[PDB]
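Here is the structure we will look at, set down as C-alpha cells.
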Amino acid sequence: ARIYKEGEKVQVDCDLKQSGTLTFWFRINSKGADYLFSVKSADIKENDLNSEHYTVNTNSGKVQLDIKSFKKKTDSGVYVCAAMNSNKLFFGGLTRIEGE
Amino acid sequence: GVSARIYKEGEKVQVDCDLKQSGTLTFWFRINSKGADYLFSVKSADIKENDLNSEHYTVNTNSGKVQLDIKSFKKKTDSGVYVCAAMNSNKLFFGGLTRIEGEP
C-alpha cells in the first residue's frame, strides 16, 4: 500500500503477460468501482480519463497509467487490470495506493 | 466508513447485481487480500463461463435476475468485495459493490 503525498506523480503498472487482448483498467475505492480505460496491445480502445490529470503512457513496449497530481479523495484505492478471453477475465496483481 | 454484511460460518449467502438488465455479457468476480478472483459470467440467463464448483456455489437464474448463491459461507475463502461488470463499447459498467465479511 504505497503512500503518496498530495501533488506527487504516481505510476501504475500491470504485470499481466503480454498478449494482443483487450484489457480493462479500473479501480475500486470506498465510493465504488470506477472504470478508467481499455487497451489492446498499445492501442487505446476507450478512455474515460481527463488528459489534463491522467496520461496513458505506452512508451517502453508496455502500458502504464500516470497520475500527474495525486489527490487522496480521488485516486486512493485498488487498481486492477483484466484481460478478457474465453468469456472471462484474467487479472493482474493488484496495486493499492493511499494518501498521507 | 464502508457498509458490509457479516455472516457466520455455514450460513447461506445470496449475492445480487443492481445493474439494469440488458442482454450484455456480465462478468462476476471478487476482490480479497489474495487478489482478484474470477467467478462466472452470464449473458441474460445463459452461463457463458463458470469457474465455480457446483458443490459449493450455485448460479441462480430464477426471475430473470442472476444471483450467486454461496451454499455455506467460509470466511477464509468467501470474504471480500463482489463485483459485477457489463461490457459494452470497449468498457466496463459496474454495479454497486457488495462487501461480505465473516464474524471476528
Item to check | Helical mean residue ellipticity (222 nm; -39500 (n - 2.57) per DSSP H run of 4+; nearest 500) of the protein assembly as shown | outcome: -500 deg cm²/dmol
Item to check | Cα centroid separation - segment B:1-72 against segment B:84-99, whole Å | outcome: 13 Å
Next on the checklist: On a full-extension model of 0.36 nm per residue, what is the gain between A:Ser41 and A:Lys73, subtracting their alpha-carbon distance, rounded to one decimal in nm?
Outcome noted: 8.4 nm
Next on the checklist: Counting only pairs 8 or more residues apart or on different chains, how many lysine pairs in chain B have their Cα atoms under 14 Å apart?
Outcome noted: 12
Checklist entry - Which is farthest toward the positive dipole end of chain A among A:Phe91, A:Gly61, A:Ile28, measuring Cα position about the Cα centre, with Cβ charges +1 (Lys, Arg) and -1 (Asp, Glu)? => result A:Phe91
Item to check | Low-density loop cleavage sites - GluC sites (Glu not before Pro) in segment B:1-98, where at most 10 other Cβ are within 10 Å (DSSP) | outcome: B:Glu55
Checklist entry - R0 = 25 Å: FRET efficiency of A:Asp34 with A:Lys5, Cβ-based, nearest 0.05? => result 0.70
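FYI, it's all coordinate maths here, none of it is from the lab. Cβ atoms come from the backbone with ideal geometry, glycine included; neighbour counts cover every protein chain shown.
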